[PDB]
Amino acid sequence: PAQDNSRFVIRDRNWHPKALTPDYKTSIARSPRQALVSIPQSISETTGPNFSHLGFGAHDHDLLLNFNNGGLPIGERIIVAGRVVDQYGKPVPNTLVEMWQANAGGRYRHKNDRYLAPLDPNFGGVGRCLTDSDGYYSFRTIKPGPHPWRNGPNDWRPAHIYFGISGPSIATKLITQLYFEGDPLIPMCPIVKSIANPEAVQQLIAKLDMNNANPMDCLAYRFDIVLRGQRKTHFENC
Amino acid sequence: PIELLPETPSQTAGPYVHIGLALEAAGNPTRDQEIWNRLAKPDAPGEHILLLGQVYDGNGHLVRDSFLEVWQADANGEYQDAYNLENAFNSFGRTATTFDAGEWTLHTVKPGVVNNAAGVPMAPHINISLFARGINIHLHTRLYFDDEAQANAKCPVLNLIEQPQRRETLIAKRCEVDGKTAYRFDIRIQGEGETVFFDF
Amino acid sequence: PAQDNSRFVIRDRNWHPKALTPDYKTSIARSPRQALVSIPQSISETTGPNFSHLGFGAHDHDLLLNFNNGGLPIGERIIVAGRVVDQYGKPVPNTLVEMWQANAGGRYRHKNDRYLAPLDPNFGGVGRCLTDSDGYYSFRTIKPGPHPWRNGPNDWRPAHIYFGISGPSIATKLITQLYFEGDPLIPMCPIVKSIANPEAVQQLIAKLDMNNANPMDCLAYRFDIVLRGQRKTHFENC
Amino acid sequence: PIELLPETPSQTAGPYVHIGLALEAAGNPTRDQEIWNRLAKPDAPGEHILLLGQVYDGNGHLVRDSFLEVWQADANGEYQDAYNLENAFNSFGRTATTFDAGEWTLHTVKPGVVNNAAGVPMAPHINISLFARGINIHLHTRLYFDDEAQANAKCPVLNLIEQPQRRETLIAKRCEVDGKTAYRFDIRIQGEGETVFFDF
Amino acid sequence: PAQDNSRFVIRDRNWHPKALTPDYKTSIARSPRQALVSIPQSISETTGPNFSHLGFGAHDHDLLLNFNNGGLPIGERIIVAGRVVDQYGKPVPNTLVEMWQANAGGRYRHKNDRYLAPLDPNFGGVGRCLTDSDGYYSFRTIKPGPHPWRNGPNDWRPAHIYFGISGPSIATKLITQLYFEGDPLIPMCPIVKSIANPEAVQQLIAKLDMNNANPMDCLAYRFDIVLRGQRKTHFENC
Amino acid sequence: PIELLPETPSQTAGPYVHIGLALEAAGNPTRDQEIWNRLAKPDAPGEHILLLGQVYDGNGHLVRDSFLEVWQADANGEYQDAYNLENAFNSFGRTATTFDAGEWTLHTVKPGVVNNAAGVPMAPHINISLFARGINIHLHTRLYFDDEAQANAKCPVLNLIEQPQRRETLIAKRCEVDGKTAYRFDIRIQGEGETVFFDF
Amino acid sequence: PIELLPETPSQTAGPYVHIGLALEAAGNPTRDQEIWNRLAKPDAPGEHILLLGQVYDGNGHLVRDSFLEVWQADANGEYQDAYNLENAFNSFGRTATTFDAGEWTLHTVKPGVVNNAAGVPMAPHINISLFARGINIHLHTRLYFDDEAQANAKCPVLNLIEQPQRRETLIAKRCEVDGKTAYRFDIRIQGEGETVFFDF
């Protein structure tokens, strides 16, 4: 079983987006009005699932092939790759990275999405991978299109891919969104701008990575993820 | 002062979180192995329990696109981190609210007592993280049990909540569903009866 | 018949790309080595076709509908719109604007394109329009994907749409390429960089135009075109 | 000095120019009306001629993806700008080189004499703009006729070419193709026998 | 035998010197006029010789002792040392580093060098070394003198040492020249200036390294070498 | 975009490259082990061949100070990277042009077939890198064999050379030299018959 | 991106808005023609109705200085933009709350059905803009009618309000006032029963 042997650097909740960010309209009714209650870390918070023995299918990280209905999906072929580290710069190996997205036209394969842009019969929109022993992951996919949404009267999400990362404990678990270098929609988005600090927004922007591209085949973007710093306990209960 | 690399900032899981993390719910085919809401196989040791709940916004309306992750000790008070669908018990699971009724369910065992870092026993609890459209960073809470009143009264975590009234928001209600032991745990994100959320 | 009544401002051939731009490899053997011979403008150069009575089909400017094989094309729905003016700022009405492009994945519907990204059964890639009486044009299409090509070993065109514009004479006729605001491939492209002046490159970058978008439907980009200034003759043969 | 708005800069038409401007050549369906290589219907006045040619690069290899636009006077020396597929004659047309043979063709009439701005007659000519992959800004040239030697010798445009040898590059060669009057006009973009290109 | 399991970052041939650099007069007739033909990496390009078992003499890296004809060579005693890494910062261990140079007076021990400055009877001018397990190499030599040459009427090479580095494949192999910190000849040399980017020139300038000197004995210079980045193949033939 | 450490820039090997890499040629004593032009000992399996050639500049004059490195598969089509003078065969070697005649030579075996990354067989070839005074960055080429014409016709690397005439520049000509099979491979750096050079 | 001239920013109409826009209410003499609360003369076609209402702030107190502008179709479902006091019907009018009772009134006809841009019929509605001291930019709402319940249920605008309970805030209640059909439409700017406000 898991044991309490580490502590995780406290989150900066002015670096993360706050709960109440009214330009993102749905946040108004879905944000607590009472302060969070701070509690000390115990084994409940400092442990978490390890997914080393979850059985992954051959194409779980390959969205060009994991929804194959007789062809390749339409759209910009890309590799999305990066490293997961903690705040001390230590790699996070054997950790679960999950991602999902709309297709090339901004249409999601979800019963609740009625945007008029068509579905792609050979695109599903979900991947998963475990980071390797050095903290690296990679997916192959198509670049998602921007998506309009009923927030303000003419609001459009920049192209984005959702990421979920487990890390070593439930205290490190994170869901975020990746955006793409140069997208002119990024400065305009009320979900991006839920993050108050512009330097934090920069951390979510994947950079074009020509070095990792397959010539005559696919481009590549790099998205590194930083989870809470993990340290040993020291001078506790004495 | 010393400044480390900043943590990657959170963003909302969005209304289509199910595409990635609750495949059946999106209306999509599942893969061979999925992480879902059955923490315990029938022959796991401990008291087998059904958990269920609805999630409310600040206007008292159901949050029908909620996604929940849970982390709990086995019946012996031990966290099992080696996740494997072969295991009779896994400490981790995932669930989501139905789009029609707004109800989530979990199938598990009642967790045993776990000590805090100071060696003080905590009351039986399930750790819950709540994600959804409109939630920019997930909300942490704990589900405790109404039939553990003595332990609850002594829990060093519960006792960090300054007002007694607010502690009641974390106590799930024992009931019966088709002759089987169940607890209801509703979450109110905002307003009257607002559920306690934690930072750690 | 047409008559010689105007003169066109001389081209700045250091503003346009030069002929020999060796990083764009095919330019090496396809650029003249002798100087161009300057000639005075005559009726041969200062007149040109007017296409007012060319018969346009209903969907000639609408690439979402002009290759309909049972559905909509996949990819980012956009309007591409702008004004054609001359260097004096005068609008160029009733002029022919033609455009063509690859699909959302960078694949062209041309027998000679063998890039492995699939064709889209509902996308053709060609539009045409006449500017209105105030010089404005507009197309509806899908944003083209980047395209690898055999120049250097890992060269990729930024997303681009080809434009051809007739203007009032054969002296004003132009073919160019439109690029998209923020595309990180633009600074890296040897075809873009055939243009030596960075301010000239900026003239080919279409700007995101939220004002012209259809909410819940399609985004919009603005691309204004400037043709050679046209003036009356003065003090000639005296 | 006075600086106007800068002209939009040119770029190569690229290897797939046919998608947009020569639909059949790309291997695609045509629209109802297309601007193509038949300037004259059978009953247009003037001498009906076939024009044909190949385009060579600096290594003497065929440019198989050339696209050409042409502008010429009718047989009476008048430019007809009102383009209409109903017309018996149009002054404007388009052609392209075949991918296998590298040959372009045009069906037209021999243009009549047109005066320059100073009132001096120019020899019969067709204005040509050449576009292709590898050509960053289109190349302007003129096609004159070898059976107009007297007029050619006096052309104020031809006479602006400083070297007599280079004037010969703009003179098309009269031949016969299936008993019909034709002229060949090859273009050499670079090197030995390089075709004169104009700026105006 | 060797295997095709790696790819090498594509060279930036605007960072390297171009072929045609007319101020370096011999480049005019010895530069191709046709474009290079890009080819994809195969096992022919991504493999190369490993010299782990080449037999080195005891003084192969020591030019003060490797041409001993009764005495020490005349001139500035120096160690030249550094690290060979790739563009990802990964050390390149067990790789062949070869170097050659003129003597203290700028005279080369080569039958074709007729410069009037004398040969040194105890200096040959050639060294070779294999990098250690951490990518480091070291030579002991005399600082070479500047050398006049028949380019322009008064051209002089800065002091320089030629280096050849094999690296992991024939795609990484490189010959370059090391120059010395502060040498006022460096900005005037048409061979240096074959490199267009002044930041690239800086990469060839060895820095005085007092930390590595032997007091009362020899100074030291540091010259680090960066070869093309090496990565594993990903998502090929699928 | 992601920018890595820049590669160390190339410089010319200079006219005295021999001092460092071709010791004998410089006029100098050799060390006990040298990397040179005999890739195969008599005992090596495969067809033993002599390669020879001259190098020309853009004025058609011999490049008398050329230095060449070669890399080739063994007769099985396998690259042998473990360089050792004890080996019957090494995949790597070096040669240089004579200052007098300007001819280089190599003693080797004909390489076997190697597939490209896509599994398509390449015709037998020797990879060559050429260095000299006046060459700022070495030039890459391949030597193919004229007695492999049918294989050469299908080579996916030769077929990337757009013009068939340029492919001929890479085909060495078989001859007999003192009763042994030889091939001549001359390189023209610039101008008429310019040798194809690669980037990869 | 393309940036247009910025719009002139809004400011509150202030507590003395009546001076400019409701002259009588201010305590002041009126001009010969005023824009006011009688949209329909007795002769106008359609069903003549009285509308009335009160406006409440977040503490449940009357907003006694409210100013309202209304815009509605005629009985045929056509908007009449040609404003003229001679007209039997005008699509536009103005009203204000009494400082004493806080009630506004309007005299009009029930509007006919209007389709949205997609051709789907909207239930009969009055567009309202609300201005007052404390309101920095006017609030947009719609008044629908409780005797149109079946049409309201299918209105594509009401159906954009995600929560059914919030749609009820836009439904005016039919009553009789001095023998004439009337509807009460109260507006709650903030808090319990907060009226839906639109952006467009």
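To keep things simple, chains are lettered A, B, C, D, E, F and G as they appear, and every chain counts its residues starting from 1.
Definition applied: contacts are C-beta pairs under 8 Å (C-beta built on N, C-alpha and C of every residue); 3 or more make two chains touch, one makes a residue touch a chain.
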Interface copy of E-F among A-G, A-B or C-G, with over half of contact pairs matching by residue number, is A-B
Report, in degrees rounded to the nearest 5, the angle of the rotation taking chain A onto chain E when the C-alpha atoms are fitted. 120
C-G against A-G, pair bridged by the larger set of C-beta contacts: C-G
For chain B paired with chain E, centre-to-centre distance based on mean C-alpha positions, whole Å: 63
For chain A versus chain D, what separation do you get between their C-alpha means, in angstrom? 57
In whole angstrom, what separates the CA-based centres of chain C and chain E? 47
Where in chain C do residues touch two or more of the other chains? 26, 28-29, 150, 152-154, 181, 184, 188, 207-208, 210
Where in chain F do residues touch two or more of the other chains? 1, 4, 160, 199-200
Can you identify all of the chain pairs that touch? A-B, A-C, A-E, A-F, A-G, B-G, C-D, C-E, C-F, C-G, D-F, E-F
Looking at the complex, which residues from chain F come into contact with chain A? 1-2, 4
In their complex, what parts of chain E are in touch with chain A? 9-10, 40, 87, 229, 231, 234-236, 238
Considering the complex alone, what residue numbers of chain E touch chain F? 1-2, 4, 9-13, 15-19, 21, 24, 26-34, 36-45, 47-57, 60, 85, 87-89, 98-100, 108-113, 124-126, 162, 164, 170-171, 173-177, 191, 194-195, 199-201, 203-204, 225-229, 233, 236-237
Chain F to chain E touching residues, read off their complex: 4-21, 23, 26-28, 31-33, 35, 57-59, 61, 63, 65, 69, 71, 73-74, 78-85, 90-92, 99, 114-119, 122, 125, 127, 129, 131-140, 157, 160-161, 166, 189-191, 194-200
Provide the residue numbers of chain D that touch chain F in the complex, in ascending order. 59, 61
